[PDB]
Chemist: 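Sharing a structure, written as structure tokens. Questions coming.
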Amino acid sequence: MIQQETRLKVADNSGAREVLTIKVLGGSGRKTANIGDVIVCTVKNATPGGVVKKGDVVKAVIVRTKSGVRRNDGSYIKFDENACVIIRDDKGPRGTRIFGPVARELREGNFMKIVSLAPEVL
Amino acid sequence: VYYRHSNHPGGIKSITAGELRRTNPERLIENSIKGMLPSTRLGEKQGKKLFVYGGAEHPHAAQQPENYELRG
Amino acid sequence: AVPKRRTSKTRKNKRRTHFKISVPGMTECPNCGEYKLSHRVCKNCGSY
Amino acid sequence: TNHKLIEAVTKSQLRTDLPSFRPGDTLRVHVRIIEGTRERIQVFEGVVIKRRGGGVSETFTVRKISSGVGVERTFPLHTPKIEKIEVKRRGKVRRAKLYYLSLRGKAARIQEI
Amino acid sequence: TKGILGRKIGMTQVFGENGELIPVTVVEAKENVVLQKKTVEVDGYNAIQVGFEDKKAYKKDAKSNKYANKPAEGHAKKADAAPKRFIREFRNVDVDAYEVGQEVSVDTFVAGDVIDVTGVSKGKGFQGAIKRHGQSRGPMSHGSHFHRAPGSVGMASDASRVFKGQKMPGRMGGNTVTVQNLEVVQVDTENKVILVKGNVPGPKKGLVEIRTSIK
RNA sequence: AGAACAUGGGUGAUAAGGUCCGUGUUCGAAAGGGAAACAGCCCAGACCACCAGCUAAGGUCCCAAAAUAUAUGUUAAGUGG
RNA sequence: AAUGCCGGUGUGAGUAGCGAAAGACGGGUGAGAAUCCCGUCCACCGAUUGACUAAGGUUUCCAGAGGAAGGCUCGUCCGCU
RNA sequence: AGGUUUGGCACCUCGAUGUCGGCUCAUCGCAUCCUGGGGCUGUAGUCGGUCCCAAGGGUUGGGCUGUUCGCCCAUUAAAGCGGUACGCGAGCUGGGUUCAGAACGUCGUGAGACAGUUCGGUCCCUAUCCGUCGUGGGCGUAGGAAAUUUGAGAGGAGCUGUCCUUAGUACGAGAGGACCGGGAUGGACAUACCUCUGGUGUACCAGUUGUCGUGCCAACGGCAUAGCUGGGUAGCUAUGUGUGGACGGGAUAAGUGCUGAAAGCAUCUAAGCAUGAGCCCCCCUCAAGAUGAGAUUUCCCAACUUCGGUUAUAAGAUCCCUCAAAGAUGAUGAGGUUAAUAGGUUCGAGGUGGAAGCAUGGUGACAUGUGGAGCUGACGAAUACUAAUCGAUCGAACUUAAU
């Protein structure tokens with residue numbers, strides 16, 4: 001469950017290790033987001049180089065929250081930490097590599113460019 | 001238009017004369033009789049001597065009722 | 001927070017309408033006895 | 001205890017196929033993923049950490065890291081998306097809920113056999 | 001349309017073919033019979049009267065509701081039936097069917113039907129304004145002295161009174177509720193129970209009514 | 001410590017239930033009838049009794065006393081061009 | 001009729017409150033016992049709610065009798081008579 | 001001209017009408033922010049400009065300032081403008097300002113001042129009446145009762161956004177881009193159920209463990225926040241799971257439409273002539289005969305009577321076990337069968353291997369069952385053992401018409 005003001009970990013390659021969420025995109029008064037949703041955020045810790053730098057206000061997608069999602073058969077997929085992939089606003093990743101596993105909700109969310117880059121899709 | 005309030009906030013209701021005469025015309029006549037009587041307890045009793053019927057048929061044959069013609 | 005007018009005799013005695021004691025039962029004691037708290041474990045002049 | 005009507009009307013959908021679990025066992029679970037038209041199987045492997053419930057609404061949980069990031073997977077005992085259960089190992093624990101595991105690296109502060 | 005009569009038992013889950021998790025309430029409807037047919041020519045409207053589970057016979061020194069008294073024992077003797085514990089009317093049905101005394105089976109409903117369920121809520125007792133109307137409980141620190149109280153109750157000397165329906169504390173809810181547009185998942189006739197997809201108002205073993213959905 | 005009203009004027013903005021003079025009335029210190037209610041507006045000044053009569057101002061379909069009165073006309077709207 | 005002075009009696013009302021603090025059961029005395037006496041358990045203070053010593057107070061100290069008032073309930077008890 | 005927001009006036013209140021912003025909770029208006037209808041264009045076309053009609057419902061998260069106001073960051077369909085003692089302090093706070101301390105500046109001979117700053121500075125009340133939200137007692141209603149109801153009349157619910165044709169057609173010498181049709185779709189808010197699933201908590205549930213004091217080893221019990229740590233039954237719950245929502249009918253407002261004269265040409269109107277919404281009503285949910293009167297089914301008095309009333313009647317209170325109900329009343333489940341409550345016996349579910357004996361191992365410890373054992377609260381079943389198993393109280397005329 002990602003509100004505003006939550007620190008979120010970045011799981012791809014660019015000058016971005018760390019983001020703080022500005023706004024949960026969606027409806028009015030929408031409070032939280034989860035896997036499949038899109039937030040707007042600022043970069044708090046970067047690496048020297050890369051395209052994104054510190055102080056940039058960017059979009060991202062959620063992959064692998066700690067409060068995992070529910071399926072129809074009543075099955076769950078919780079993760080140990082909250083991750084993030086910075087996206088380019090054409091449904092496409094602004095980096096070039098994806099680290100760690102990614103959940104299948106992105107396939108139904110039409111994130112299929114990010115689906116092939118990542119190892120271990122569940 | 002006829003008006004009434006329910007003592008509930010914004011609870012003013014209404015109905016126009018023609019459609020009150022078209023549905024429940026007995027109320028239409030007895031309301032305007034009873035508005036012409038004193039509003040004491042004796043007056044509200046005297047309004048209970050009134051029987052209104054839509055259509056030319058009534059049940060009160062044992063009382064032996066007489067025709068009265070409006071002497072204007 | 002304070003009463004604005006005093007209370008009159010009529011009003012105070014109206015309020016005391018229900019401030020009553022309930023009559024205790026008045027049932028005959030079954031095994032042996034007389035009128036009592038109904039369906040009791042009645043021992044007063046009896047053996048219920 | 002629930003009611004004989006509750007067991008009678010769900011009693012059919014129990015599956016009498018599965019082995020006997022104990023929290024602390026390693027299992028590989030063969031789950032069935034659907035697509036356009038091809039029912040692919042993918043396998044989840046991990047240690048069992050909790051089992052709660054009774055009757056039809058039973059549930060268990062298996063934990064796996066395998067990529068650097070721990071992953072949980074919870075699912076019904078009698079759900080028909082499961083093709084079979086293979087008990088990998090047995091392992092000896094002292095608790096019924098293996099919750100003792102911030103988590104990353106090898107900082108899973110758990111005890112194994 | 002249809003309608004039988006109730007007493008829910010509890011909740012369970014059932015697996016849907018094509019693979020689903022479906023939470024369900026088990027409603028047992030046994031011992032129903034038509035007791036009386038209201039007719040528009042005699043009563044002004046058309047309805048049937050149904051009695052759900054049956055009680056004991058009239059007993060001499062019988063005083064709990066477990067036995068039937070003389071008047072209700074005489075009623076439903078015209079219907080060739082045993083005394084019932086619940087009697088409700090169904091005026092959403094077609095009275096030209098339903099011979100008086102007809103045993104309404106639980107398989108009048110077919111898995112797939114859209115139904116309405118009515119019942120009585122659970123009774124939380126006396127509650128105040130946070131629980132009962134969903135208010136906001138102002139601040140817990142910074143010197144604050146109002147936590148669960150309600151705020152103001154009106155304006156100032158203009159309209160110098162409180163209006164109707166001002167949402168104060170009181171008795172929470174033991175009301176009549178109807179949940180529309182639920183579904184029959186399964187009709188089990190050996191045990192005479194109904195599976196309904198969802199939740200039902202009231203506690204366990206309380207009376208419920210099931211009807212064909214109007215919309 | 002005065003007040004409203006109509007008429008004559010100043011001040012103010014051809015404002016004020018504003019303020020300042022002049023000529024009257026009424027309230028103040030005045031009960032009664034009318035204006036729905038309503039010191040100052042209209043009629044009228046209560047020594048006491050009466051289940052007598054004539055009138056004022058205002059009124060006469062019901063509330064609520066008295067014309068659903070006459071005869072003869074307007075109105076169709078109900079209460080800068 | 002002076003938010004007059006003194007006395008008596010209301011209303012609010014059977015309402016607010018009864019001043020931090022372990023108690024259970026058995027037996028006894030009594031017109032009357034949760035409350036007094038006697039147990040056997042159990043809890044509390046535990047550098048003190050322990051033992052002295054002051055100032056200060058002035059018979060409150062002991063025994064037997066008593067329950068009108070006092071004791072925020074009761075009382076057969078008491079620093080009360 | 002219309003409505004009264006900086007001012008004019010001094011009519012109520014100085015034997016007190018006591019407070020700016022913010023918080024909590026509202027209720028009205030329309031002079032319309034979004035959504036809904038329409039039309040105009042110097043609208044090629046989307047864009048747009050521009051108007052009129054429309055008041056049901058909605059109308060946000062932060063950074064800076066005590067702030068009203070104001071500038072900024074992100075969203076959203078949208079982030080309107082007003083009244084109500086500039087709504088609301090016997091509902092809240094107390095940052096600003098009118099209090100006693102102190103520093104600075106300016107101006108005063110000085111005591112002091114300014115209106116400039118800056119730091120620090122005690123927010124009382126047990127609800128009588130009316131009002132509001134809940135829940136009872138009394139009486140009533142032409143025989144008394146028990147159960148089902150009708151509905152005069154009340155209250156509550158009408159909001160929104162994506163992906164798909166259409167369509168790349170209209171149109172675009174270029175780059176740019178019309179409107180319009182179906183099911184659906186799965187969403188955001190806010191409503192009202194409920195605990196099967198994920199989770200929370202659980203103070204008479206099982207386990208591990210540290211100090212100390214008692215019965216002297218150990219095993220128990222006491223106190224250390226429930227001593228602490230790890231799990232967790234039922235009940236109660238959100239962050240969990242279900243469900244609803246313009247509207248499911250046409251029809252109306254500037255507007256668009258038809259035929260047609262004074263004014264013989266002309267004319268959307270003049271008589272006539274249709275539509276276009278959020279308009280109606282419908283619908284949907286709940287409560288409802290104290291609606292001072294509306295039913296239907298069954299039961300009981302065959303008397304007694306001066307049927308004025310009495311006893312028996314149908315039936316309800318009294319009392320006692322209780323909970324699915326509950327401040328209390330009330331409302332349900334029960335009272336000698338029987339399963340209301342408790343014990344006992346079995347489950348379920350919880351937590352996870354008790355003792356005694358054996359086998360070790362130097363010993364701390366392990367094994368290991370012919371041991372997923374022993375323990376177990378509120379869950380469930382069955383059961384006569386302990387109990388609700390006696391008995392009194394209260395209670396049954398006028399009139400026409402027939403037949």
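Computed from heavy atoms alone, side chains included, the values below leave out hydrogens, waters and symmetry copies. By convention in this document, chain letters (A, B, ...) are assigned in the order of the sequence lines, proteins followed by strands, and residues within each chain are numbered from 1.
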Chemist: Using a strict heavy-atom distance below 4.0 Å, which residues from residues 28-44 of chain B are in contact with RNA chain H?
Modeler: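 By residue number: none to list.
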Chemist: Kindly say whether, by distance alone, the side chain of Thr7(C) makes a donor-acceptor pair under 3.5 Å with the base of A13(G)?
Modeler: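 Per atom types, no contact qualifies.
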Chemist: Parallel under 30°, tilted from 30 to 60°, perpendicular over 60°: which one fits the rings of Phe86(E) and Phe52(E)?
Modeler: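 Correct class here is parallel.
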Chemist: Whether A381(H) and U345(H) form a base pair should be assessed as Watson-Crick or G-U wobble, both distances under 3.5 Å. Do they?
Modeler: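 Pair flag for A381(H) and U345(H) is true.
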Chemist: Please list every stem that involves RNA chain G, where a stem is a run of 3 or more consecutive Watson-Crick or G-U wobble pairs with both pairing distances under 3.5 Å.
Modeler: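 Listed by first number, the stems are G:23-28 with G:36-41.
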Chemist: Looking across every strand, which nucleic acid part, if any, lies under 4.0 Å from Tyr58(E) by heavy atom: base, sugar-phosphate, or nothing?
Modeler: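 The answer is sugar-phosphate, as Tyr58(E) gets under 4.0 Å only of primed atoms, P, OP1 or OP2.
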Chemist: May I ask you to say what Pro201(E) touches in the nucleic acid, namely base, sugar-phosphate or nothing, with a heavy-atom cut-off under 4.0 Å?
Modeler: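 Contact class for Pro201(E): sugar-phosphate only.
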Chemist: Under a 3.5 Å limit on both key distances, is there a Watson-Crick or G-U wobble pair between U75(H) and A184(H)?
Modeler: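 Pair flag for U75(H) and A184(H) is false.
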Chemist: Should we say atom NZ of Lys11(D) is surrounded by more than 12 heavy atoms from elsewhere, each under 6.0 Å from it?
Modeler: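 Result for NZ/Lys11(D): open.
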Chemist: State whether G36(H) pairs with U229(H), counting either Watson-Crick geometry (purine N1 to pyrimidine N3 plus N6-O4 or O6-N4) or a G-U wobble (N1-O2 and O6-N3), each distance below 3.5 Å.
Modeler: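 Between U229(H) and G36(H) there is no Watson-Crick or G-U pair with both distances under 3.5 Å.
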Chemist: Any N or O donor-acceptor pair linking the side chain of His39(C) to the base of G391(H) at under 3.5 Å?
Modeler: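 Yes, the side chain and the base share a sub-3.5 Å donor-acceptor pair.
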Chemist: Pairing status of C114(H) with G105(H) is requested, where a pair means Watson-Crick or G-U wobble geometry with both distances under 3.5 Å.
Modeler: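 Between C114(H) and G105(H), a qualifying pair exists.
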Chemist: How far, in whole Å, is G39(H) from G255(H) if one measures between their P atoms?
Modeler: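 Taking atom P in both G255(H) and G39(H), they lie 11 Å apart.
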Chemist: Which whole number of Å gives the distance between the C1' atom of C193(H) and that of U241(H)?
Modeler: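 Each nucleotide's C1' atom is 11 Å from the other's.
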Chemist: Does the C379(H) base have a donor-acceptor partner in the side chain of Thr1(D) within less than 3.5 Å?
Modeler: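 Side chain to base: pair found, below 3.5 Å.
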Chemist: Nearest to the side chain of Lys23(A), which nucleotide is it out of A324(H), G61(H), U352(H)?
Modeler: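 The nucleotide sitting nearest to the side chain is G61(H).
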Chemist: Kindly say whether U169(H) and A234(H) qualify as a Watson-Crick or G-U pair under the rule that both distances are below 3.5 angstrom.
Modeler: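 Result no; criteria under 3.5 Å not both met.
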Chemist: Run the salt-bridge test on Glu89(E) and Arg91(E) with the 4.0 Å N-O cut-off and return the result as yes or no.
Modeler: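 Looking at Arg91(E) together with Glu89(E), the answer is no, because their closest N to O distance does not fall below 4.0 Å.
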Chemist: Give the nucleotide from the list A85(H), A152(H), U197(H) with an atom nearest to the side chain of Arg27(B).
Modeler: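 It is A152(H).
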Chemist: With both atom distances required to be under 3.5 Å, do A10(H) and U160(H) make a Watson-Crick or G-U wobble pair?
Modeler: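 Check failed, no canonical or wobble pair found.
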Chemist: State whether the distance check finds a donor on one side and an acceptor on the other, under 3.5 Å, for side chain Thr27(C) versus base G391(H).
Modeler: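 Yes, a donor-acceptor pair under 3.5 Å.
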Chemist: Examine the base of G136(H) for any acceptor or donor lying under 3.5 Å from a partner atom in the side chain of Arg171(E), and report the outcome as yes or no.
Modeler: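 Side chain to base: no pair below 3.5 Å.
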Chemist: What do you reckon, do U4(H) and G82(H) form a Watson-Crick or wobble pair with both distances under 3.5 Å?
Modeler: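 Here the two bases do not pair.
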Chemist: Are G199(H) and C88(H) base-paired in the Watson-Crick or G-U wobble sense, both distances less than 3.5 Å?
Modeler: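 Taken together, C88(H) and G199(H) make no base pair (Watson-Crick or G-U wobble, both distances under 3.5 Å).
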